[PDB]
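Engineer: Below is the file start_9.cif, which contains mmCIF, C-alpha atoms.
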```cif
data_entry
#
loop_
_atom_site.label_atom_id
_atom_site.label_comp_id
_atom_site.auth_asym_id
_atom_site.auth_seq_id
_atom_site.Cartn_x
_atom_site.Cartn_y
_atom_site.Cartn_z
CA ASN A 2 144.18 130.81 84.68
CA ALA A 3 146.23 131.97 81.68
CA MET A 4 148.18 128.71 81.37
CA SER A 5 145.47 126.24 82.39
CA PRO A 6 145.16 125.06 78.76
CA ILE A 7 148.83 124.15 78.19
CA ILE A 8 149.32 123.21 81.85
CA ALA A 9 146.27 120.94 81.98
CA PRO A 10 146.96 117.44 83.28
CA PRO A 11 147.17 114.59 80.75
CA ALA A 12 143.88 114.35 78.85
CA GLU A 13 142.85 110.86 77.81
CA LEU A 14 140.89 110.60 74.59
CA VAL A 15 138.34 107.85 75.12
CA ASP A 16 137.19 105.59 72.29
CA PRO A 17 133.67 104.45 73.29
CA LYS A 18 134.40 101.08 71.67
CA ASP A 19 137.24 100.56 74.16
CA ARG A 20 135.34 98.99 77.07
CA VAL A 21 138.11 99.57 79.61
CA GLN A 22 138.43 103.26 78.68
CA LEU A 23 134.70 103.77 78.67
CA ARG A 24 134.33 102.25 82.14
CA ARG A 25 136.90 104.76 83.32
CA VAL A 26 134.97 107.80 82.08
CA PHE A 27 131.70 106.42 83.45
CA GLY A 28 133.53 106.03 86.76
CA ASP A 29 134.41 109.73 86.73
CA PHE A 30 130.90 110.70 87.84
CA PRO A 31 130.64 110.22 91.63
CA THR A 32 127.61 108.48 93.13
CA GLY A 33 126.18 106.94 96.25
CA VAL A 34 125.83 103.20 96.66
CA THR A 35 122.55 101.34 96.88
CA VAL A 36 121.47 97.79 97.35
CA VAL A 37 118.45 96.95 95.22
CA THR A 38 116.52 93.99 96.58
CA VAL A 39 113.54 91.87 95.49
CA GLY A 40 111.37 89.35 97.28
CA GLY A 41 110.07 85.99 96.12
CA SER A 42 110.80 82.48 97.37
CA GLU A 43 114.50 83.34 97.15
CA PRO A 44 115.08 87.04 97.78
CA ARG A 45 118.03 88.66 95.98
CA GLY A 46 120.03 91.86 96.27
CA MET A 47 122.42 93.68 93.97
CA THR A 48 124.70 96.55 94.79
CA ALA A 49 123.88 99.29 92.29
CA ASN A 50 125.13 102.84 91.73
CA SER A 51 122.82 103.55 88.78
CA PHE A 52 119.99 104.69 91.02
CA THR A 53 118.55 108.03 89.85
CA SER A 54 115.61 110.11 91.11
CA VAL A 55 113.39 110.97 88.13
CA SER A 56 110.16 112.78 89.06
CA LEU A 57 108.40 114.28 92.09
CA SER A 58 104.89 114.00 90.68
CA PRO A 59 104.33 111.27 90.24
CA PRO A 60 107.14 110.01 92.54
CA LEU A 61 109.50 108.07 90.24
CA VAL A 62 113.01 106.71 90.37
CA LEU A 63 115.02 104.57 87.98
CA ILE A 64 117.67 101.89 88.17
CA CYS A 65 119.67 100.26 85.38
CA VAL A 66 120.15 96.52 85.66
CA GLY A 67 122.49 94.47 83.51
CA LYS A 68 120.94 91.78 81.34
CA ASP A 69 123.75 89.59 82.68
CA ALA A 70 122.56 90.04 86.27
CA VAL A 71 120.49 87.45 88.11
CA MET A 72 118.57 90.48 89.35
CA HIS A 73 117.38 91.25 85.80
CA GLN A 74 115.13 88.21 85.57
CA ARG A 75 114.01 88.50 89.22
CA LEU A 76 112.73 92.02 88.55
CA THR A 77 110.82 91.05 85.41
CA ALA A 78 109.14 88.21 87.30
CA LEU A 79 108.23 90.31 90.34
CA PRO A 80 107.47 93.96 89.55
CA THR A 81 108.20 95.45 92.96
CA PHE A 82 111.59 96.18 94.49
CA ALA A 83 113.29 97.99 97.31
CA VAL A 84 116.22 100.37 97.38
CA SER A 85 118.51 100.69 100.42
CA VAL A 86 120.80 103.73 100.27
CA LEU A 87 123.92 102.60 102.12
CA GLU A 88 125.53 104.49 104.96
CA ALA A 89 129.26 105.29 105.04
CA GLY A 90 130.25 102.36 107.27
CA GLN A 91 128.35 99.69 105.36
CA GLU A 92 131.15 98.33 103.17
CA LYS A 93 130.29 94.82 104.38
CA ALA A 94 126.85 95.10 102.77
CA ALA A 95 128.24 96.87 99.67
CA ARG A 96 130.71 94.02 99.05
CA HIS A 97 128.25 91.28 99.87
CA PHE A 98 125.85 92.28 97.11
CA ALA A 99 128.43 93.36 94.49
CA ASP A 100 130.11 91.60 91.55
CA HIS A 101 127.59 88.71 91.43
CA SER A 102 129.67 87.34 94.32
CA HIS A 103 126.93 85.30 96.04
CA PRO A 104 125.01 83.41 93.36
CA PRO A 105 121.53 81.89 93.70
CA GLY A 106 120.97 78.44 95.16
CA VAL A 107 121.44 79.44 98.80
CA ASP A 108 120.21 82.26 101.04
CA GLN A 109 121.89 85.53 100.11
CA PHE A 110 120.75 87.40 103.25
CA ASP A 111 122.22 85.34 106.09
CA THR A 112 125.17 87.64 106.85
CA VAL A 113 123.57 91.09 106.60
CA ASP A 114 120.96 92.48 109.01
CA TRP A 115 117.67 93.20 107.20
CA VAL A 116 113.98 93.82 107.79
CA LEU A 117 111.14 92.77 105.54
CA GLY A 118 109.62 95.56 103.47
CA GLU A 119 105.83 95.28 103.80
CA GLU A 120 104.88 97.06 100.54
CA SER A 121 107.53 95.46 98.35
CA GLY A 122 108.00 92.14 100.12
CA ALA A 123 111.74 92.70 99.66
CA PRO A 124 114.49 92.72 102.32
CA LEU A 125 115.52 96.22 103.42
CA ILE A 126 119.07 96.68 104.59
CA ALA A 127 119.30 97.65 108.27
CA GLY A 128 121.44 100.70 109.04
CA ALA A 129 120.88 102.38 105.67
CA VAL A 130 120.50 106.13 105.15
CA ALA A 131 117.13 105.54 103.48
CA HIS A 132 114.79 102.81 102.27
CA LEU A 133 112.54 103.17 99.22
CA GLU A 134 109.92 100.63 98.21
CA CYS A 135 108.89 100.86 94.57
CA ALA A 136 106.57 99.34 92.01
CA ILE A 137 107.95 98.91 88.50
CA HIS A 138 105.94 101.13 86.19
CA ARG A 139 107.95 100.94 82.95
CA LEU A 140 110.77 98.93 81.37
CA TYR A 141 112.88 100.96 78.92
CA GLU A 142 115.49 99.71 76.45
CA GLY A 143 119.03 100.42 77.68
CA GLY A 144 121.51 98.53 75.51
CA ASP A 145 123.25 95.85 77.59
CA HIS A 146 121.07 97.00 80.50
CA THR A 147 117.40 97.55 81.10
CA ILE A 148 116.12 100.77 82.60
CA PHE A 149 113.48 100.03 85.23
CA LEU A 150 111.30 103.03 86.05
CA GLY A 151 109.86 102.67 89.57
CA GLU A 152 107.01 104.50 91.30
CA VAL A 153 107.90 105.18 94.93
CA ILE A 154 105.29 103.56 97.15
CA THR A 155 106.82 104.29 100.51
CA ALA A 156 110.06 105.52 101.95
CA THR A 157 111.86 105.96 105.25
CA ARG A 158 114.97 107.97 106.06
CA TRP A 159 117.53 108.40 108.84
CA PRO A 160 118.65 112.07 108.68
CA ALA A 161 121.58 111.54 111.08
CA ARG A 162 123.12 109.00 108.69
CA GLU A 163 125.33 110.00 105.77
CA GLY A 164 125.62 108.07 102.53
CA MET A 165 128.50 106.02 101.23
CA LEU A 166 130.34 107.39 98.16
CA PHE A 167 131.73 105.59 95.12
CA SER A 168 134.01 107.06 92.50
CA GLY A 169 136.81 105.93 90.20
CA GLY A 170 135.85 102.38 91.14
CA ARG A 171 136.53 102.93 94.85
CA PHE A 172 134.67 103.69 98.09
CA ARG A 173 135.21 107.27 99.20
CA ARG A 174 134.04 109.44 102.08
CA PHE A 175 132.84 113.03 102.49
CA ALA A 176 134.98 115.70 104.03
CA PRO A 177 133.12 117.36 106.92
CA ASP A 178 131.24 120.54 105.89
CA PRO B 11 115.16 107.90 114.78
CA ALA B 12 113.45 106.93 111.52
CA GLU B 13 111.59 109.61 109.61
CA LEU B 14 108.64 108.25 107.63
CA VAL B 15 108.22 109.77 104.16
CA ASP B 16 104.95 110.21 102.27
CA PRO B 17 105.99 110.11 98.59
CA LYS B 18 103.02 112.34 97.77
CA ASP B 19 104.53 115.08 99.93
CA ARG B 20 106.89 116.90 97.56
CA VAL B 21 108.92 118.40 100.40
CA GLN B 22 109.47 115.06 102.15
CA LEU B 23 110.20 113.25 98.87
CA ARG B 24 112.85 115.83 97.93
CA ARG B 25 114.55 115.11 101.25
CA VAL B 26 114.84 111.40 100.57
CA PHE B 27 115.98 111.94 96.95
CA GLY B 28 118.64 114.20 98.43
CA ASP B 29 120.00 111.29 100.51
CA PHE B 30 121.62 109.69 97.46
CA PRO B 31 124.87 111.59 96.74
CA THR B 32 125.70 112.43 93.12
CA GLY B 33 128.12 114.30 90.97
CA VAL B 34 127.15 117.39 89.02
CA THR B 35 127.21 117.94 85.26
CA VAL B 36 126.44 120.69 82.82
CA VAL B 37 124.47 119.44 79.85
CA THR B 38 124.94 121.53 76.72
CA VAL B 39 123.61 121.81 73.18
CA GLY B 40 124.86 123.79 70.20
CA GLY B 41 122.67 124.75 67.26
CA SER B 42 121.41 128.26 66.59
CA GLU B 43 121.06 129.07 70.29
CA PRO B 44 123.57 127.14 72.42
CA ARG B 45 122.27 126.26 75.85
CA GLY B 46 123.58 124.77 79.08
CA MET B 47 121.86 123.29 82.11
CA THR B 48 123.27 122.08 85.41
CA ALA B 49 121.96 118.56 86.04
CA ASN B 50 122.67 115.77 88.48
CA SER B 51 120.25 113.21 87.04
CA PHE B 52 123.01 111.85 84.80
CA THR B 53 123.86 108.13 84.86
CA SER B 54 125.74 105.67 82.73
CA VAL B 55 123.50 102.97 81.29
CA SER B 56 125.38 100.60 78.99
CA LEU B 57 128.88 99.70 77.80
CA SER B 58 127.92 98.13 74.49
CA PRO B 59 126.35 100.09 72.95
CA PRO B 60 127.82 102.97 74.99
CA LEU B 61 124.80 104.72 76.49
CA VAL B 62 124.10 107.36 79.09
CA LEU B 63 120.95 109.11 80.23
CA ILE B 64 119.90 112.44 81.68
CA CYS B 65 116.51 113.48 83.07
CA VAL B 66 115.25 116.90 82.10
CA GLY B 67 112.23 118.70 83.47
CA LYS B 68 109.45 119.07 80.92
CA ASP B 69 109.22 122.80 81.69
CA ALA B 70 112.96 123.46 81.39
CA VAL B 71 114.20 125.45 78.38
CA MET B 72 116.73 122.68 77.75
CA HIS B 73 113.87 120.19 77.27
CA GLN B 74 112.79 121.98 74.10
CA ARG B 75 116.36 122.07 72.75
CA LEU B 76 117.11 118.40 73.42
CA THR B 77 113.82 117.37 71.82
CA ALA B 78 114.81 119.23 68.65
CA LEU B 79 118.55 118.58 68.25
CA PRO B 80 120.24 115.24 67.40
CA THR B 81 123.24 115.69 69.71
CA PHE B 82 124.27 117.00 73.11
CA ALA B 83 127.29 117.10 75.42
CA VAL B 84 127.85 116.43 79.09
CA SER B 85 130.59 118.05 81.15
CA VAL B 86 131.19 116.36 84.52
CA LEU B 87 132.15 119.21 86.84
CA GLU B 88 135.37 119.22 88.86
CA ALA B 89 135.46 119.91 92.61
CA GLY B 90 136.31 123.62 92.19
CA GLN B 91 133.62 124.49 89.65
CA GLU B 92 130.79 125.53 91.94
CA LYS B 93 130.64 128.83 90.02
CA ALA B 94 129.94 127.06 86.72
CA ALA B 95 127.43 124.79 88.45
CA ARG B 96 125.57 127.83 89.79
CA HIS B 97 125.86 129.69 86.48
CA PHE B 98 123.88 127.12 84.47
CA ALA B 99 121.40 126.37 87.25
CA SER B 102 119.30 131.81 85.30
CA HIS B 103 118.84 133.06 81.73
CA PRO B 104 115.90 133.82 79.44
CA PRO B 105 115.95 131.76 76.20
CA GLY B 106 117.56 134.75 74.43
CA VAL B 107 120.45 135.58 76.77
CA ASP B 108 123.90 134.06 76.09
CA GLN B 109 125.06 131.81 78.93
CA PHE B 110 128.52 131.14 77.58
CA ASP B 111 129.98 134.64 77.25
CA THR B 112 131.24 134.64 80.83
CA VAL B 113 132.63 131.13 81.21
CA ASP B 114 135.43 129.16 79.58
CA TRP B 115 134.40 126.59 77.01
CA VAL B 116 135.57 124.80 73.88
CA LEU B 117 133.51 123.66 70.93
CA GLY B 118 133.04 119.90 70.80
CA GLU B 119 133.57 118.90 67.17
CA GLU B 120 131.27 115.86 67.25
CA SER B 121 128.32 117.36 69.14
CA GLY B 122 128.56 120.96 67.96
CA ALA B 123 128.01 121.85 71.62
CA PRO B 124 130.16 123.89 74.05
CA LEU B 125 132.20 121.76 76.47
CA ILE B 126 132.95 123.33 79.85
CA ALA B 127 136.69 123.83 80.31
CA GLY B 128 138.26 122.46 83.49
CA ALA B 129 135.86 119.53 83.63
CA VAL B 130 136.72 116.06 84.93
CA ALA B 131 135.30 114.64 81.70
CA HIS B 132 133.52 115.57 78.47
CA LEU B 133 131.01 113.31 76.74
CA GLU B 134 129.52 114.05 73.34
CA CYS B 135 126.39 112.08 72.61
CA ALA B 136 123.75 111.39 70.00
CA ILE B 137 120.15 111.15 71.23
CA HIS B 138 119.01 107.54 70.95
CA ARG B 139 115.55 107.45 72.59
CA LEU B 140 113.24 109.67 74.61
CA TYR B 141 111.31 108.00 77.44
CA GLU B 142 108.49 109.25 79.70
CA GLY B 143 109.60 110.05 83.25
CA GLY B 144 106.60 111.66 84.95
CA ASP B 145 107.36 115.38 85.24
CA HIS B 146 110.67 114.75 83.47
CA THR B 147 111.72 113.22 80.19
CA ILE B 148 114.49 110.64 80.12
CA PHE B 149 116.99 111.31 77.30
CA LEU B 150 119.07 108.27 76.38
CA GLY B 151 122.22 109.19 74.46
CA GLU B 152 124.87 107.15 72.71
CA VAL B 153 128.39 108.29 73.54
CA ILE B 154 130.19 109.18 70.30
CA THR B 155 133.36 110.56 71.87
CA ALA B 156 134.71 111.38 75.31
CA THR B 157 137.72 112.94 77.01
CA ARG B 158 138.83 112.58 80.63
CA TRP B 159 141.33 114.26 82.96
CA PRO B 160 142.17 111.54 85.54
CA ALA B 161 144.02 114.00 87.76
CA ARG B 162 140.75 115.86 88.39
CA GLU B 163 138.12 114.94 90.98
CA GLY B 164 134.37 115.36 90.60
CA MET B 165 132.18 117.84 92.42
CA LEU B 166 129.70 116.36 94.90
CA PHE B 167 126.10 117.19 95.67
CA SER B 168 124.15 115.74 98.56
CA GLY B 169 121.52 116.73 101.10
CA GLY B 170 120.85 119.70 98.84
CA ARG B 171 124.35 121.18 99.11
CA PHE B 172 127.82 121.02 97.57
CA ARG B 173 130.22 118.69 99.37
CA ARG B 174 133.81 117.56 98.94
CA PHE B 175 135.72 114.30 99.09
CA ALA B 176 137.82 113.40 102.07
CA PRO B 177 141.37 112.73 100.84
CA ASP B 178 141.53 109.08 99.75
CA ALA B 179 142.98 107.03 102.61
#
```
Turn this file's structure into structure tokens for me.
Structural biologist:
Amino acid sequence: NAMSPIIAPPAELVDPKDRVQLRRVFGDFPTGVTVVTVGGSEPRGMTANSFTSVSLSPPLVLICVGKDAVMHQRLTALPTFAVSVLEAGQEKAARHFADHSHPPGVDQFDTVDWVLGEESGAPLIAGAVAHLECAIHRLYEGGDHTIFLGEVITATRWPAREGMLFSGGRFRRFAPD
Amino acid sequence: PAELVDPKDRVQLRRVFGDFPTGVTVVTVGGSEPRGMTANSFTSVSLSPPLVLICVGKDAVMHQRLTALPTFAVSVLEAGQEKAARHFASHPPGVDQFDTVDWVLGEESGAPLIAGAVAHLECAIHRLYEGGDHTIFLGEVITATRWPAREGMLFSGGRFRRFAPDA
């Protein structure tokens, strides 16, 4: 379009030092929503959108976990985890495991339906689009986060289920097609 | 019903990887021979320092460029840019990809930024990590620009999808 340049909507220049502004550009890339879980005497879960498939052979995925998260230390202590890719109607689960809202000290899994993952020993979220059980193969430096590279040990999927969406800091849904 | 997946079966594993929806970006580099590659393996990593990562296949032409150049750019594609997405998905290493699409030079990266994007990020390569049949490129964001009015393109189950209007 001839005028697209001068007609373009407001462009925001983003200073990467400006944490608020930077969060906004990071939020511009749409993603699904996962719950990463780990086992142990007190299992834990964390809603995460940083999940990324990495390699087919070998089968690898990654997740980025904040050093400020309880999950960070749980993962370094126990090098196996599960990923539950949430379905569109699972906002209850998404909220439950987000924003460090249910801290350690009491059971974090008493309000969400889950099944034990045999290979990971971690709770898997019932009703999810897919479950992946992974073994942590590498830890990579990621600034205020750590990049955990996982090797996929087993996985299950429900083809009739469609994933939740997250973008611009909000839950979204697909249009049919 | 539940479909069991054997991660050693490439076809079945692709299906499960496809179950996590993502956006779509074009990663670009400048230099002598500018290059672009459509990628959805992009994720944000860190706020301070500001870091992002992309995974690039070891056999991709872009893998050679990124390994050699200090900087790169990421354009997050807007909902109506399926054409651009397809365009950088073919070209021999000697055929210009940019002569038929709209772009602007990013001053910091030296790399073409795709016009009409939801966002532009210009990055400096920070680390390379092993990722099986891919390499993980970790970049530090030097500058970025966003157009809040614009909505990202979606990719899921192996096809392009769109947002339902926000209720």
Engineer: How far is it from atom CA of residue 86 of chain A to atom CA of residue 164 of chain A, in Å with one decimal?
Structural biologist: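 Answer for the atom CA of residue 86 of chain A to atom CA of residue 164 of chain A separation: 6.9 Å.
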Engineer: So that I can see what lies close to residue 121 of chain B, please list as a PyMOL selection string the residues with an atom at most 12 Å from it, counting all atoms listed in the file and leaving out residues fewer than 5 positions away in the same chain.
Structural biologist: chain B and resi 37-41+44+79-84+116+132-137+151-156
Engineer: Work out how far apart atom CA of residue 47 of chain B and atom CA of residue 112 of chain B are and give it in Å to one decimal.
Structural biologist: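 For atom CA of residue 47 of chain B relative to atom CA of residue 112 of chain B, the distance reads 14.8 Å.
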Engineer: Residues of chain B no more than 6 Å from chain A, counting only C-alpha atoms: send them over as a PDB file with C-alpha atoms, in the coordinates of the input.
Structural biologist:
```pdb
ATOM      1  CA  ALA B  12     113.450 106.930 111.520  1.00  0.00           C
ATOM      2  CA  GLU B  13     111.590 109.610 109.610  1.00  0.00           C
ATOM      3  CA  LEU B  14     108.640 108.250 107.630  1.00  0.00           C
ATOM      4  CA  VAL B  15     108.220 109.770 104.160  1.00  0.00           C
ATOM      5  CA  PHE B  30     121.620 109.690  97.460  1.00  0.00           C
ATOM      6  CA  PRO B  31     124.870 111.590  96.740  1.00  0.00           C
ATOM      7  CA  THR B  32     125.700 112.430  93.120  1.00  0.00           C
ATOM      8  CA  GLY B  33     128.120 114.300  90.970  1.00  0.00           C
ATOM      9  CA  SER B  56     125.380 100.600  78.990  1.00  0.00           C
ATOM     10  CA  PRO B  59     126.350 100.090  72.950  1.00  0.00           C
ATOM     11  CA  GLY B 144     106.600 111.660  84.950  1.00  0.00           C
ATOM     12  CA  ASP B 145     107.360 115.380  85.240  1.00  0.00           C
ATOM     13  CA  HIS B 146     110.670 114.750  83.470  1.00  0.00           C
ATOM     14  CA  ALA B 156     134.710 111.380  75.310  1.00  0.00           C
ATOM     15  CA  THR B 157     137.720 112.940  77.010  1.00  0.00           C
ATOM     16  CA  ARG B 158     138.830 112.580  80.630  1.00  0.00           C
ATOM     17  CA  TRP B 159     141.330 114.260  82.960  1.00  0.00           C
ATOM     18  CA  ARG B 174     133.810 117.560  98.940  1.00  0.00           C
ATOM     19  CA  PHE B 175     135.720 114.300  99.090  1.00  0.00           C
ATOM     20  CA  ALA B 176     137.820 113.400 102.070  1.00  0.00           C
TER      21      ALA B 176
END
```
Engineer: Pick the closest to residue 108 of chain A from A:48, A:149, A:76, A:124: which is it, counting only C-alpha atoms?
Structural biologist: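 Result for the nearest residue to residue 108 of chain A: A:124.
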Engineer: Take the PyMOL selection byres ((chain B and resi 149) around 10), apply it to the structure above, and return the hits as a ChimeraX atom specification.
Structural biologist: /B:52,62-66,73,76-77,136-143,146-148,150-151
Engineer: Those same residues - C-alpha atoms - I'd like them written as a PDB file, in the frame of the given file.
Structural biologist:
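Final file, result35.pdb:
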```
ATOM      1  CA  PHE B  52     123.010 111.850  84.800  1.00  0.00           C
ATOM      2  CA  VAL B  62     124.100 107.360  79.090  1.00  0.00           C
ATOM      3  CA  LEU B  63     120.950 109.110  80.230  1.00  0.00           C
ATOM      4  CA  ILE B  64     119.900 112.440  81.680  1.00  0.00           C
ATOM      5  CA  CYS B  65     116.510 113.480  83.070  1.00  0.00           C
ATOM      6  CA  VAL B  66     115.250 116.900  82.100  1.00  0.00           C
ATOM      7  CA  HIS B  73     113.870 120.190  77.270  1.00  0.00           C
ATOM      8  CA  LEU B  76     117.110 118.400  73.420  1.00  0.00           C
ATOM      9  CA  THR B  77     113.820 117.370  71.820  1.00  0.00           C
ATOM     10  CA  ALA B 136     123.750 111.390  70.000  1.00  0.00           C
ATOM     11  CA  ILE B 137     120.150 111.150  71.230  1.00  0.00           C
ATOM     12  CA  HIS B 138     119.010 107.540  70.950  1.00  0.00           C
ATOM     13  CA  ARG B 139     115.550 107.450  72.590  1.00  0.00           C
ATOM     14  CA  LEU B 140     113.240 109.670  74.610  1.00  0.00           C
ATOM     15  CA  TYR B 141     111.310 108.000  77.440  1.00  0.00           C
ATOM     16  CA  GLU B 142     108.490 109.250  79.700  1.00  0.00           C
ATOM     17  CA  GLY B 143     109.600 110.050  83.250  1.00  0.00           C
ATOM     18  CA  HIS B 146     110.670 114.750  83.470  1.00  0.00           C
ATOM     19  CA  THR B 147     111.720 113.220  80.190  1.00  0.00           C
ATOM     20  CA  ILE B 148     114.490 110.640  80.120  1.00  0.00           C
ATOM     21  CA  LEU B 150     119.070 108.270  76.380  1.00  0.00           C
ATOM     22  CA  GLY B 151     122.220 109.190  74.460  1.00  0.00           C
TER      23      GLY B 151
END
```
Engineer: Kindly give the distance, in Å, that separates atom CA of residue 171 of chain B and atom CA of residue 36 of chain B, rounded to a single decimal.
Structural biologist: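 Interatomic distance here is 16.4 Å.
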Engineer: Run through the PyMOL selection byres ((chain A and resi 96-99) around 10) on the given coordinates and return the selected residues as a PyMOL selection string.
Structural biologist: chain A and resi 35-38+45-49+91-95+100-104+109-110+112-113
Engineer: Got a sec: who's within 12 Å of residue 108 of chain B, counting only C-alpha atoms, leaving out chain neighbours fewer than 2 positions off, as number ranges by chain?
Structural biologist: B: 40, 42-46, 97-98, 102-106, 110-113
Engineer: Compare A:4, A:84, A:89, A:107 by their minimum atom-to-atom distance to residue 134 of chain A, counting only C-alpha atoms, and give me the closest one.
Structural biologist: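 Closest residue, counting only C-alpha atoms: A:84.
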Engineer: Once you add 8 Å to each side, what are the centre and edge lengths of the axis-aligned box holding all listed atoms of segment 15-26 of chain B? One decimal in Å, as lines of an AutoDock Vina configuration file, if you can.
Structural biologist:
```
center_x = 108.9
center_y = 114.1
center_z = 100.9
size_x = 27.8
size_y = 24.6
size_z = 22.6
```
